[PDB]
Amino acid sequence: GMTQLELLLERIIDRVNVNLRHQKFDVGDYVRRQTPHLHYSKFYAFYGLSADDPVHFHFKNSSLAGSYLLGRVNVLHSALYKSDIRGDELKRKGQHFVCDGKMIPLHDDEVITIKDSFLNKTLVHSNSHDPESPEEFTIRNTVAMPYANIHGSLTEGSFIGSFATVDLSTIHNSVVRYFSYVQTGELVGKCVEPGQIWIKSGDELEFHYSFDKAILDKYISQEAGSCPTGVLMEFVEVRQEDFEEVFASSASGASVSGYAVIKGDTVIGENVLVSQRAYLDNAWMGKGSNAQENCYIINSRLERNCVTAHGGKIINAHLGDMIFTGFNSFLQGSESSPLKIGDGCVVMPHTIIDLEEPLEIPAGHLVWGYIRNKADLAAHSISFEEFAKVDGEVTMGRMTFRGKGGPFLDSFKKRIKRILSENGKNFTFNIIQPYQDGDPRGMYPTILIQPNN
Amino acid sequence: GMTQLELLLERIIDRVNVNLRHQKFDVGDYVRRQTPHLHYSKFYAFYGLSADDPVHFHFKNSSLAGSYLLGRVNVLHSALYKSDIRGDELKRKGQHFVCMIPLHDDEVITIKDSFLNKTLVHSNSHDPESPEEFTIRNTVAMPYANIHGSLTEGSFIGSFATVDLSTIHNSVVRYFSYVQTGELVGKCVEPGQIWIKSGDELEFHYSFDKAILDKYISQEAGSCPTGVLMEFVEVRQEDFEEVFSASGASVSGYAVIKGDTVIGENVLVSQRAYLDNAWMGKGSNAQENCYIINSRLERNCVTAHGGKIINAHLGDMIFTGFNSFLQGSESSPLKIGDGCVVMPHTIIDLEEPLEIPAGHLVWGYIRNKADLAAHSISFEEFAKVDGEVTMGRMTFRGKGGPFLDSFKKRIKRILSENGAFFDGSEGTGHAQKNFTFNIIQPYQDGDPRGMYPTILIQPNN
Ligand SMILES: [Cl-]
Ligand SMILES: [Cl-]
Ligand SMILES: [Cl-]
Ligand SMILES: [Cl-]
Ligand SMILES: [Cl-]
Ligand SMILES: [Cl-]
């Protein structure tokens, strides 16, 4: 027969597949593996406990192997493998969901509910931005691959590829493939191929970029039945070890999680926030800067007020005042080819800078795509000053934009500003173990954790 | 302002004191301590998970620091410090408590508004008033106490005290006292009393000299237990932390096995058993919290919880009672002949070599031969008794024969259930017929520090 876990996976596969059926996309070989009951029972999982935030966890008929969960989370008939479910931004009862001048009071504390889903090394963060569900950040009938980001995005009946990002969007019965970024409000019954960057707000704003596959695949790709490969993968994996070490484990206004890696000649300035799963190596953090979960900052200097979003990687770079580095960005200079970024620049999500020569980006530029040199930069950037005049359609190679450039640019300024603001929490991670043998091996029993009266 | 744990303890104390108010007994200083929140948060607890037995745990408003829990257990508004709650023998739905009523439900342990310190809870409910519920409520228990098949309520159980197969209500049972009396209501049992009482036609009493007892074990309010017995166990609790091929045999991974220990066939060595240079003959059974050291046990020997055997040679089917301390040495070796029954809370501390003949009943305090004479009797002579007998500090009323058979029946049944008589087919038992201890952690800071949150663990549908 099949073990409970082997059966659990097949049922998830089947539920996801029926929902995705119109996309003729089979998740099976992305999920399915060798005697997982044996692989999974090897692992603990961890749940956060805080004196200051009332606990809620409900784990029912699931596996959690190697996962960390924080906040209020239900895991139902699911399998989470080395994922991070971060419910620290979830709203509380009596708080309001605000929408186009309406305010909807929450009946109950917001929870993250994961149901009939398989999440592999996936980060789930922020909260519900869909007024259909203000009390629940629902992920159901979903598969997500390594280093995916489900950021403030209700997801159902969908597939989220490796290093794919879904941002403040409702995802319904859709495929978002590796290294694709989606911020569209809603994505319904779609198939987004790999290496697409897509922003869409209303009917007067739309940005699209598309990576040359031949180039992208070197950094990240994945084939069904096999796990992801490429530079980005090597990069994160080769460092996961150092994260282990730090788990087992001076500047005014600064906060540095114990759950961050801090390495070499790192200098933490004032008002600097370094969150968990942040990785700093020889990092000079200028006043006001903010490293976020799952970002890497290496042999770099950030002058001031720089925000690095989740999955953001910065190597051998010098950043000025208030640079915003988007999701999953790979900004690699070297010692022979240093990278400079001028004040106020916005580096769009999923930007890959991999220098062959020294490069300096001038202040007040919007940057995207693939950049190795000066020519590439010219083909993959524009100044705020020029772009802010745009009212219509612009094409620059693999990039198209439709709408007003001013408000677009402003959407990014507001976002860094809000992060730097809000930015300016006492808890530990408790162990949870699975069945060690027999049929239920690798499964966790039905567990309900809550506060004492 | 008090923390949640400090407050929890006070609440417990106040409840238990109301129960005990007619005895004017204050449990306060036995329970209470310095910044307990800081101390208890330093510890993990453990719950047993089986693929084979449906899990049930419910922990509400409690601290579990350093404790181990197994089987169907509810812990409510309680503080359990380094205790062992063992529900492995609880009954199941459809089984039949003889008095025959059926159980309509699986039997559950419920501990509520109690404080249990290095206490062993075992067996099940022997009260026909409460067949489906083994309750321990408004109770305080001190180190190395046994609550064995005994419902307790509004009571105090002293250090190394044992309450066996009895319902204990608004009573104080003091240190190293053994009670098996069916029910013990509104009583006060002083230290070092051994009391068995069945119906109206049976009663046994022994009493230790206090000057003597106190050297082995004593406790005063506000302080923890002292004495030889305390130094003995504590000097070894370390070897336990570390730890945490014979036909028909079963040795727990959670047991200590040391030196030149030999595990015979059909041998059952349970968790928290401690063997060191123990030759364990076929059928023998080392239970939780027992110690067997520099000893040879010939066969079918059962050593009850707390039983300690040192530098001894035991024959065939010796029954060593609860919390016994049987110490010989190399210059003073101890021999116990076939079939002997060593009553609960027996203390042998040899000054000279001593051999106990086969088919003897032993109790009390024994260092030499003179003492042995004063503190034992042959089954053959005792079986003749129908009436009253006195032997020094020992008193007996009833029929000696039935009394003896009550012991024999027990060892025999234990052996049997243990699968001591495994032929390779029939006589199958525990030693032949599986879980892990999983961790739980408390709150590490603030107000709730040292507390565990509310946890409900159950099977998947
Ligand atoms: Cl896997
Ligand atoms: Cl919406
Ligand atoms: Cl993909
Ligand atoms: Cl204590
Ligand atoms: Cl104990
Ligand atoms: Cl006492």
Side-chain angles (χ1 to χ4, degrees), chain A residues 3-5 7-8 11 37 41 43-64 72 74-79 258-259 427-453, chain B residues 3-5 7-8 11 37-38 41-65 69 72 75-79 253-254 434-461:
Chain A
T3 58
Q4 280 191 34
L5 181 41
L7 192 59
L8 175 60
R11 279 165 178 190
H37 51 277
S41 65
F43 297 93
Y44 302 146
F46 304 94
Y47 71 86
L49 199 66
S50 172
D52 291 320
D53 202 32
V55 63
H56 170 88
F57 297 110
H58 187 37
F59 308 138
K60 183 190 199 270
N61 211 85
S62 311
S63 199
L64 305 177
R72 299 178 288 267
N74 304 313
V75 184
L76 312 182
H77 306 282
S78 298
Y259 292 108
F427 74 61
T428 59
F429 281 113
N430 285 4
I431 299 162
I432 221 170
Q433 293 164 282
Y435 287 96
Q436 283 315 314
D437 55 50
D439 194 50
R441 188 184 184 150
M443 301 287 306
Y444 290 68
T446 289
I447 292 154
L448 176 70
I449 305 165
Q450 58 209 356
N452 295 319
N453 308 312
Chain B
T3 57
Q4 281 185 30
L5 185 42
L7 214 74
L8 173 62
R11 290 279 171 80
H37 50 283
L38 286 188
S41 57
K42 284 198 279 183
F43 300 92
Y44 298 150
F46 303 90
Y47 74 82
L49 192 58
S50 180
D52 289 331
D53 268 320
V55 66
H56 167 87
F57 294 105
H58 186 45
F59 311 132
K60 185 180 202 293
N61 268 102
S62 294
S63 204
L64 308 167
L69 308 101
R72 293 174 300 271
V75 189
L76 317 170
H77 297 267
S78 293
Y254 289 111
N434 239 356
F435 70 73
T436 56
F437 279 119
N438 288 15
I439 300 164
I440 291 168
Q441 282 151 284
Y443 287 96
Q444 284 307 315
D445 42 61
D447 192 45
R449 191 182 175 154
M451 302 289 289
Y452 287 66
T454 293
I455 301 151
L456 177 65
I457 312 171
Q458 62 210 7
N460 291 320
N461 297 312

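The analysis underlying the following values was restricted to heavy atoms, covering all of them including side chains, and did not include hydrogens, waters or symmetry mates. Proteins get letters first, then strands, A, B, ... in listed order; numbering begins at 1 in each.
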Can you name the nearest heavy-atom pair linking A:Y47 to B:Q441, along with the distance?
OH-O, 4.4 Å

What distance separates B:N461 CG from A:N61 CG, expressed to the nearest 0.5 Å?
7.5 Å

Can I get a per-line list of side-chain donor-acceptor pairs under 3.5 Å for residues 447-458 of chain B, giving both atom names and the distance, sequence neighbours left out?
from: B:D447; atom 1: OD2; to: B:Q4; atom 2: NE2; distance (Å): 3.3
from: B:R449; atom 1: NE; to: B:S41; atom 2: OG; distance (Å): 3.0
from: B:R449; atom 1: NE; to: B:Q444; atom 2: O; distance (Å): 3.2
from: B:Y452; atom 1: OH; to: B:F43; atom 2: O; distance (Å): 3.4
from: B:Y452; atom 1: OH; to: B:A45; atom 2: N; distance (Å): 3.3
from: B:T454; atom 1: OG1; to: A:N452; atom 2: OD1; distance (Å): 2.5

Checking side-chain contact (heavy atoms from CB on, under 4.5 Å) against A:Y435, which of B:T436, B:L49, B:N438 comes through?
B:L49

Among residues at least two apart in sequence or on other chains, which ones pass side-chain contact (heavy atoms from CB on, under 4.5 Å) with A:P54?
A:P451

